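Notes follow the structure.
Going in written order, the chains are labelled A, B, C, D and E, and every chain counts its residues from 1.
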Amino acid sequence: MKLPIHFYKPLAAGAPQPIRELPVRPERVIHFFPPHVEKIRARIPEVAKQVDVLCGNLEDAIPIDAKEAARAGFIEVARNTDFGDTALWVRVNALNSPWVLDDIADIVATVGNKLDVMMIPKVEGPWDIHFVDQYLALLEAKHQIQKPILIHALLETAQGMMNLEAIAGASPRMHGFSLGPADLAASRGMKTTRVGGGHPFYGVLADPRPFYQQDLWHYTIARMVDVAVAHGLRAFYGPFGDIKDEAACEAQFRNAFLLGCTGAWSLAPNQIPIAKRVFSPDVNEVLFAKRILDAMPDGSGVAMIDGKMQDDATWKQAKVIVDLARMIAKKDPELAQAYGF
Amino acid sequence: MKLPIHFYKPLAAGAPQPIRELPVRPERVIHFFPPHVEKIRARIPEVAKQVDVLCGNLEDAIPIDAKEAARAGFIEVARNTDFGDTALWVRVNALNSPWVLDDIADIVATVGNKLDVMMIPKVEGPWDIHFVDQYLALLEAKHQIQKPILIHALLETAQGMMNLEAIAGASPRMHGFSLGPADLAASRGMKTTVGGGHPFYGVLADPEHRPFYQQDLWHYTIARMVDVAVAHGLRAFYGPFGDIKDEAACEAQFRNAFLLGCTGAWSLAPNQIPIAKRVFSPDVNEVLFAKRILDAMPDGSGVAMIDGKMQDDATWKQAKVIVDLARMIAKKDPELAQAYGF
Amino acid sequence: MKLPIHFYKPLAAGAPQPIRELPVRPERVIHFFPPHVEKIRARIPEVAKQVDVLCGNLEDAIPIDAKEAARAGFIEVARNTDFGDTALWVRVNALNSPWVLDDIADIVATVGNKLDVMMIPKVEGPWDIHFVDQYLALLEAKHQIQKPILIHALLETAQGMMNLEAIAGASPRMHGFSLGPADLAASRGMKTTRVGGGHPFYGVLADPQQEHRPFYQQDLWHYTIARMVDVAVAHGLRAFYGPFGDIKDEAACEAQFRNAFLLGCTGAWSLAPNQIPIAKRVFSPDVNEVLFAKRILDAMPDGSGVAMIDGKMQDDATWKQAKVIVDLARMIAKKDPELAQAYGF
Amino acid sequence: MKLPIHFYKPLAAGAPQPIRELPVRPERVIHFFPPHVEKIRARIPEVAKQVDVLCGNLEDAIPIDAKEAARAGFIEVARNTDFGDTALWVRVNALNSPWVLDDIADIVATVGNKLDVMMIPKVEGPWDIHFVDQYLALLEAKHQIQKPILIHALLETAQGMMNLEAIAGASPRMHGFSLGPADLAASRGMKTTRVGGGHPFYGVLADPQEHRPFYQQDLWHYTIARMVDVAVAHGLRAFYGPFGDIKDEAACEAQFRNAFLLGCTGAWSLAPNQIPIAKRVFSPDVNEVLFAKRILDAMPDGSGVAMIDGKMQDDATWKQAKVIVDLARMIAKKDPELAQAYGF
Amino acid sequence: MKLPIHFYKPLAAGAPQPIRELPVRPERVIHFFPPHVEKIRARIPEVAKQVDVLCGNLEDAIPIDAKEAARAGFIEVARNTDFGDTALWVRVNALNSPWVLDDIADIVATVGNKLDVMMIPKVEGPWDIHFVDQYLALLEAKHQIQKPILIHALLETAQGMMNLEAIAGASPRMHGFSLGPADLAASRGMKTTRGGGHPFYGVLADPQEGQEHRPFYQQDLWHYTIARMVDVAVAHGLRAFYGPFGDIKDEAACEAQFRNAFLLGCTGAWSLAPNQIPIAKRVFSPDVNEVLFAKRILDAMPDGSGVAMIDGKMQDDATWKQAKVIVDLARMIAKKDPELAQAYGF
């Protein structure tokens, strides 16, 4: 709705200048953790090094009794821990809840200069983003935050799916989208208690009899990807609830990856290597991106490579995945040999 | 879009207040009947006891010579019959046809207070909904109909599928959508094997014998329809399954629809009636696991693990959908109440 | 979007009257050829009769040094061949490239009266159509072109997919779309094997029962094609599967071509001679569809009134729809033995 | 951009249910005061009785170093005064400013149940309304405010004017608009200075024939007309803002009367002398009340169809008639002579 | 509408990067000249020093037999002259005419690096902008033009007036609009005595008892049009202009019409004759005494907030923001107008 002339203006005197390009960094796994449980908080600095992104959770799966405790716990661990190359996110409570006003406000007050991305659940339309963008801009000015805190929208209501284009366009803070398969099923009335992969009842019956199961989430992921990529945002697969079935987890993660998602959530330590292995950049795309960078050294002009003309749009897309691959190659030696770094 | 302040005002002075929420009733089976066949008219009291919804049909399969008879036939059944829990629908002729003006006018004038929903063939955009809304409101005012008759949009063309949002939002009479698979496939140029798949839609494995995995032609259509319909507070329906001979395939196509969020389906023949009632009811084992989820977090908030599956607020709301539907369905069917918890 | 009353006016004083409905002619196969290669130019009058459409390529796989060569070879082979019933297309270079201005200007000024469709690569929004539409009008006015050159849009970016409705509605020149799997895969960050068009590791794992869990492969392109068909058909346009890049695998090419036909695509490209008979086999009209359409034409001898066939009401609109199926079956049955023997004329 | 099925749902569990219609009450004069001036805070209990609406000011005209004092002054007055039938409004600071977060939070927490309408300056687009709407909802839930605080949008920017339709429809909290002539002139680059009147060099020169006469024109005709149309179409009220030249009561009256003739509901008053000018100008026309009483008489059950003087009457006109009669009866409660003319 | 992430990217490989905000220069007068007349070309170097903007005209009042000579004539004068502080514009022919393709192509190829703004007649909707944007960008990449040439839209139809928001938003090349009053009145079916107005447009006073004749108050035809043009332009970051005042000889009527456009928020106006140049520069310059007074508003409130009383007139934050607009224009014009640099001081 906002005209480009005004789109990148900060929304408060003293707020950091809005971002023009989303920051490039590894986002292969987003590891949730319950911040009100002490034993988990103690292992967090060691866990922090095993993940690309660490995300404190304050909304779903936190008992109502523990809401205030999860907030203090998140501020506590974020205070004392240096997260190095790992990104730090938090999922706050829904915008109609009694906790979201103090959630956002105190987290910016105490750890704002360490928060990279704030995850907003149950987004229904661009108005939700409009609130959070202005609220953040004012808190950023009050507490003198240096970097703009980005917005990450959880895509888990039927209205969010309908309003997807408007949500993606609602703010220069937008980082991307996470599909929430359980909430989105409840919202749509999909008839399943599952959080993730296939369903035995969803299939095609052969003619006279073999039964071929079908992907429940094809339309949903394809739609999320197309809208995200068109806005320069990133799409993510959210939770896979069957923590034990690592094969089904890998199959679901890889499906998201093959349609174009950047990473996936992990709800338990054992899903962390699954997300890292599935969402690692494809070797042959990195290697082709390096030819593009080599063909257009300063990023301008026209070049061909294998009968295909390279432009400014391909150079910037190539530049993103090579920078990302270098950052991955710096944490894992086996990948560094595969990308050539 | 009509501004919300003008959206809920009635369109004719003396026509009833527009609703702001739909009624709550099982709509698992929409059973059609030709009102011009007296034998079929004679058996309507008995059939009414077996179906959630009875839809008089004035459109497809009613010969040109039978139209006046079918319209008078419908009025006579609706007059004479007590339906009770069964909703009474009518599918009138298409908006460009020489019968629709009298279809709606004669039916409202006589049995307007007994009609729940009017189904409109071939809805192509919001203008179709605006005509019917305004016509209905003028007729309801003239015969002082007490409750507003609802509009059910039949999805039969590519233009209608592309205007699905504007159709869904065009009136507070909107009740929901039915997919007309044969007619929609004909409009798109799809090739099917009436209202079902086609065995040659699949993907070939990589290069002995080379496996072939069939796909569902209707995934995009159904998913888009449920998204639009639910976002607006409406319901989606699978329409006609034309392969009456093949009942394994009819139950398979119905269960897919049910899983994606469709509410019910059409029965074109008496054998489809029990299939549609069983498939658009929750599975027993699925009601049972969902009752385990509701138990593990009575406040609906927190975390739990069942059979190695994580549960939270979101799965609690999944179980509430499943359990509440089974509860409502079980009040009407006392036999399924015994396969759940009564 | 322009108002209906301005939508059908010519955009230049001297340009031909825009068309109100698409020309009805066979488009089962779209055969590409590099117009700079001399030996290819020499056998073009013969390949012309094996294909429904001949499309000159000036863009991908044409070297930078051959750009003026391909453009000039196209102009020469287009002025000298009589194509008979075959349609003549050309794919120009992208709208951001150093070659498209002379591509369009030289072709319209030499062979414009011979060109049926111009294909634009990488159409990302309505603005692209607006540039081509106005550019073509000015050129057609200058060179007294009698009939409008239509525009065919190549889908290769997530942005193009998101703007599909606006693109379809941006001009009466709009002919249809072609999906370009490999480039659109790259635009979205999809993973495909074999030059676009698939991935064997996209699939649904069965529940546990046995240690072997069945794995059901899925189609990566279902959303894309279904969306393409709805937007194309709602505007009166046609949808096509573009380049199937694995030329050596004829089983898989037939499978991919058939999925597109079953979902409602009109034709597909061919990159090599072995794909020409595959496209023509798969995209031949369904016989039952034509039989029904003929009954409509019979029941209403002059497309007036209201009739009913197999319980289905028919009107002037169905009648104009049956006439398009029947006229197209007759054109295709001229070149197709099995349709000629299945349905006749 | 919200669907009617969700437009009228509260934005927080606990926040009061949103209005479907606007409160009917006299709104002929919006009287502004600086709440940081102690001599003004002392006279508020008497000023309240003389005005329809009293609006505290925290934005323009309040110095930067008085901001925190204006806010605390406003809360002191509001806690300690019974406004009776007078409505209580606040104009808070702009949404990009260091004061607006505590402005809204503190006022809601302490005097939320006495606050009728919140004025938001320098509105540019529906996104401003979305922010205030959701923010108000959460605060109202926290402090259990019992009716929803409404939102009044100040037209002070060319962006706001271009986005007027979208602003009007952005929330069921919307109460209406006020034209802010000085700020709007600056935003457009209108080359005038005076807050709210004519300009002597804006006019039409006659064709040559001795001396060519010069007919002055209204600068604000398009602006007010567009504001009234958008506002009425949305069931909202439009207001003329401040008239600056306090001493020139005739130019005040004519500018106020122009807004009244185009469809505005009331006007601001900056100084005690403007109070009786706004109340006289913006009272309903006698004929408008009289005609509205007959519509109310032709249809005792406000449904069905009635024809009055050649013209048919439905439920929208019965409802616009009941608003103006209720308004007129309330204006008679405190005006003897208008009571006899209105027929009460 | 193009999305912001894509709005600011170039439309051709090697085209100069889109600007994010318009250049700030004085645009009080847009002086038109017919480039096929030799006597006019000879004196351009001198007249270019007298005008804020110089605009070569290929369209109206350029005969059909003279089109090519006017186009080549414009290239000859642009190549030779050094224009200094004076912006150089050109009005090409309409997008439907047989001359516009070469108009645009030839001029960018030769004098592209000197052209600031290209003015397009009869812009009816955003699609016209899209054509000119893509066409320029290819030409700019072909001939390596260093900075983007801007687009000025001339409004001559009811369609363009109705499509004004979409036109304003269609490209980062967008500069502004000029009203074409005679063409716009003709498209709408308005009747005007000269663009101009019409003395018979007015309000009849009711009869008074002793009057011979009822007074007749003349009204302005163009109020809604100009007011709509300023709101849409300013909201998008662009600038609105009065176009041609065809009645060249009635200097007093010219001054009053321009003044009305100025007070509502127009930046400047066209001049079709040397006698209109001083009028446009004077009407679209802030009044000296108003600038002088605005300096006193700014100093009375250094923080720009609160109140102040200056010469018995009340001042507040809003008046301060008016003063800043009026002072900021005066300061920028003083860098171009040597006698107003005196009268303004600073």
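Heads up, the rule we're going with is that contacts are C-beta pairs under 8 Å (C-beta built on N, C-alpha and C of every residue); 3 or more make two chains touch, one makes a residue touch a chain.
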Each chain counted as touching subunit D and subunit E at once: A
Pair joined by the larger number of C-beta contacts - B-D, A-B: A-B
Identity of the most central chain, Cα criterion: A
Interchain centroid distance [CA atoms averaged], subunit B/subunit C, Å: 36
Euclidean distance of C-alpha centroids - subunit A vs subunit E, Å: 47
Interchain centroid distance [CA atoms averaged], subunit C/subunit E, Å: 45
Subunit C, residues touching no fewer than two other chains: 96-98, 159, 203, 216, 218, 222-223
Chain pairs that touch, as defined at the top of this document: A-B, A-C, A-D, A-E, B-C, B-D, C-E, D-E
Interfacial residue positions of subunit D with respect to subunit E in the complex: 59-64, 66, 158-159, 161-162, 180, 182-183, 185-193, 195, 199, 201-208, 212, 214-215, 217, 219, 221-223, 244, 246
Residues of subunit E that touch subunit D when the two form their complex: 165, 193, 197, 199, 202, 217-220, 223-224, 227-228, 230-232, 234-235, 250, 252-253, 256-257, 259-260, 262-265, 286, 290, 303, 305-307, 314, 316-319, 321-322, 324-326
Subunit B partner contacts - residues on subunit D that touch it in the complex: 2-5, 7-8, 20, 169, 172, 233-235, 303-305, 314-316
In the complex with subunit D, residue positions of subunit A that touch it: 1-2, 6, 10-14, 95-98, 100-101, 124-128, 130-131, 133-135, 137-139, 141-142, 159, 163, 166, 170
